[PDB]
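In structure tokens, the next block holds one chain alone, the form deposited in one PDB entry.
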């Protein structure tokens, strides 16, 4: 909600509670998923060219006993929006690879898991410096691009420590084009991978991590259609088994937003692990049809249903990796401010 807004400077304290439940054979996603997040957005406008900004978003699970704490930081950064030039922001942000792969992460609840968090630059993680430019400098229009650099986030440990660091399921650029509905967008990224993430513990001759990504979308008059395809080298988490030498990830959504508020979606997603290590071979990391819908009471409240028809078999594979393979359904009631 746009709270404070006085002389140049304006705030938007914001958030939602989401009363969310999951039915699933998988009693390890089963049941109660309530959660909430709050966040602020901020801009002080410093001149007419130049404007500063910040953003902080933070989720806190609301499905556990006062015993238990849990909740983490989603996004936290400051930057400067220059005017022709572009914006810059350092901080915990979304990886660029996310400018295009986001084209399809919009299911009522599911999708946006052919990548993950603190997964190089695919999606969200620490230490991002991003540069963004909007219609190639005001001079060609709904063409734009982003380049970003992330510094090493290494070991908690006693060889390559980093201040603020981690285990390693947790240690680029894009351009995209417009002419009213219809987006194409490429994004390429590449990350040196640390010696910790490189040790015959589960999987990855990991040299750099590379993802290569093209996307399509079409959005206007109530129709939302999009596709993103991207293949990765040494960068798709395959369970907790370490990473996936090659993997081809495909994701297409289809949706219609009704004048009265209901908005069905239909989606396919999958991820095909290519030449994996350690037996295994060619093997599907994710495979599922999504069917579901959400309903907006207004722009402030709503409910959704979601139904992952889970297209993968059990095997010493999935089981190895601890990849859920069952269906789930989600039911959610949510109020956002």
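Under this definition, the rigid core comprises the largest set of C-alpha atoms superposing within 1.5 Å between the forms. Residue numbers count along the first chain shown, from 1. Shifts are known only where both forms have a C-alpha.
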Gap between residue 171 and residue 172, counted in deposited residues with no coordinates, falls in the class 4 to 9
Got a sec? Mean C-alpha B-factor, which is higher, 25-33 or 55-63? 25-33
Higher avg CA temperature factor (114-122 vs 138-146, as deposited) belongs to 138-146
Sorting 107, 247, 96, 201 by Cα temperature factor from the record, which one lands on top? 201
Which is it among 329, 11, 323, 20: the one with the largest CA B-factor in the entry? 11
Going by the entry, which third of its chain does the Cα temperature factor of residue 275 land in? highest
CA B-factor ranking of residue 178, expressed as a third of its chain: highest
Residue 333 CA temperature factor, ranked by third within the chain: middle
Among the chain's modelled residues, which third holds the C-alpha B-factor of residue 50? highest
Residue 251: C-alpha B-factor third of its chain, per the entry, is the middle
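Just so it is clear, the following notes concern the form deposited in another entry, a form of the same protein that is not shown.
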Only one of 252, 241, 196, 165 crosses a C-alpha shift of 2 angstroms between the shown form and the other one, counting 2 angstroms or more, core aligned. Which residue? 165
Indicate closer or farther: the Cα atoms of residue 190 and residue 160, in that other deposited form, relative to the displayed form, with a change of 3 Å or more. farther
Did residue 123 and residue 162 drift closer or farther in that other deposited form, going by a CA distance change of 3 angstroms or more? farther
Shifted regions of at least three residues between the shown form and the other one, judged by C-alpha displacement of 2 Å or more after core alignment: 157-171
